[PDB]
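> fold the following.
(one chain, ligands or ions: 1)
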Amino acid sequence: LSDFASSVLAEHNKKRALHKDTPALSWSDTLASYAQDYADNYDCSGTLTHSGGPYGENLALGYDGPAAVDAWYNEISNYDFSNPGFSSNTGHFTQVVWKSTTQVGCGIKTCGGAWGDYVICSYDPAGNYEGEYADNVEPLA
Ligand SMILES: [Mg+2]
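Numbers count the residues shown, from 1 in each chain. Below is the structure:
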């Protein structure tokens, strides 16, 4: 794996191990080809829009690879494990730790000095299935 791929995969697994019964991810070359193509074509507008593809997806603007994973994960501060499910400010975290997700692949592209890096990670199987959060988003162990 490349330095970007290794550091990003490692950051996912460092976080997932903090949670009960959550296995590590592996890198997928096909997922990364998908994500890097979307990163290649990103319009550097400052707006984050999902690709609408078949995989799970996390997006960030202004962080390198590992720092993006860190920011996604830090949404745990808004997650109420007593009331699991989706919210606009927890969906990145729940995809990072989604138990049934087994593979991740990501891409990156600079958007200049005013935006920093655009980072997209694609996930297979996808996370954030409504009604399945309790089975796939475990509490801190
Ligand atoms: Mg996103």
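
> residue nearest the centroid of this structure?
Centroid check for the chain by C-alpha atoms, centre = their mean gives residue 58 as the closest residue, at 4.0 Å.

> so that one lies in a strand, does it not?
Yes: per DSSP: H, G, I helix; E, B strand; the rest coil, residue 58 lies within a strand segment.

> skip the chain neighbours and tell me the closest residue to residue 65.
residue 8 (4.0 Å; C-beta to C-beta, 6 or more residues apart in numbering). Any C-beta I mention is one placed from the backbone N, CA and C, and that applies to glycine too.

> for the helix or strand that neighbour falls within, name the packing helices and strands.
Secondary structure from DSSP states H and E places residue 8 in helix 3-16. Here helix 3-16 touches strand 26-27, helix 65-73, helix 91-96, strand 103-110, going by 3 or more C-beta pairs under 8 Å, 6 or more residues apart in numbering; DSSP states H and E.

> out of these, which is closest to residue 133?
Ranking the helices and strands packed on helix 3-16 by their distance to residue 133 (criterion: C-beta to C-beta) puts helix 91-96 first, at 6.4 Å.

> who touches that closest one?
In this structure, residues lying in contact with helix 91-96 by C-beta atoms under 8 Å, 6 or more residues apart in numbering are 12, 15-16, 56-58, 60, 69, 71-76, 78-79, 86, 101, 123, 126-128, 133, 136-137.

> before we move on, back to that, most tightly packed of the helices and strands packed on helix 3-16?
With neighbours taken as mean count of other C-beta atoms under 10 Å, these reach their highest mean count in helix 91-96, at a mean of 23.

> counting neighbours, what do you get for residue 114?
8 (other C-beta atoms under 10 Å).

> sorry, back to before: identify the bridge partners of the residue nearest to the centre of the chain.
Taking DSSP bridges as the rule, residue 58 bridges to residue 121.

> quick one on the thing from earlier: the helices and strands packed on helix 3-16: which one's closest to residue 39?
strand 103-110 (3.6 Å).

> show me what that closest one is packed up against.
Counting contacts by 3+ C-beta pairs under 8 Å, 6+ apart, strand 103-110 packs against helix 3-16, strand 26-27, helix 29-40, strand 117-124.

> most tightly surrounded among these?
strand 117-124 (a mean of 24).
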